[PDB]
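This report refers to the structure that appears directly beneath it.
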Amino acid sequence: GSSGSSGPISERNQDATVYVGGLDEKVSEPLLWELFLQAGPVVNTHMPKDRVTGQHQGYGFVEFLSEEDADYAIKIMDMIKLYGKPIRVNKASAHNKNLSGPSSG
């Protein structure tokens, strides 16, 4: 399998990490991990926490082994209703799309 074709590294990456905004109170980091395994090999997850109630701040992150696995997770998990509440998904190096156009010249 392709995961064996190169050695591991400690370094974190914002293109191999996806951002997920609009999370429900029932969402957790272990949920995001196991849910995003459908796109590709998940390595790590992050959900920032509130300083008074300790709950998540309504957004999270999922990190893949490679950028091509993250770019596909953004294709299959965006505008979807996790627990009946719509999530927005993109690269953790970006926020939202600024330009658009046709599929060919």
Counting only residues 5 or more apart in sequence or on a different chain, those whose built amide H sits under 5 Å from that of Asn44 are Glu63
With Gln55 itself left out, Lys, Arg at +1 and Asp, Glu at -1 over residues whose Cβ is under 12 Å from its Cβ give 0
Any residue on another chain or 5+ positions along whose placed amide H is under 5 Å from the amide H of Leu23 is listed here as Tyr59
Taking 77-86, 48-57 and ranking on average Cβ neighbours within 10 Å, highest first, one gets 77-86, 48-57
PRE zone check, label point 7 Å out along Cα-to-Cβ of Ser6, amide N under 12 Å, scope the range 48-77, hits 65-69
When all Cα-Cα pair distances of the range 14-93 are considered, the percent exceeding 19 Å is 27
The local net charge around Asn96, scoring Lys/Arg +1 and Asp/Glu -1 for residues other than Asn96 whose Cβ lies under 12 Å from its Cβ, equals +2
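Reconstructed Cβ throughout: ideal geometry from the backbone, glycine too, with neighbour counts over all protein chains shown. Each value in this text was obtained by applying a stated rule to the coordinates, not by laboratory testing.
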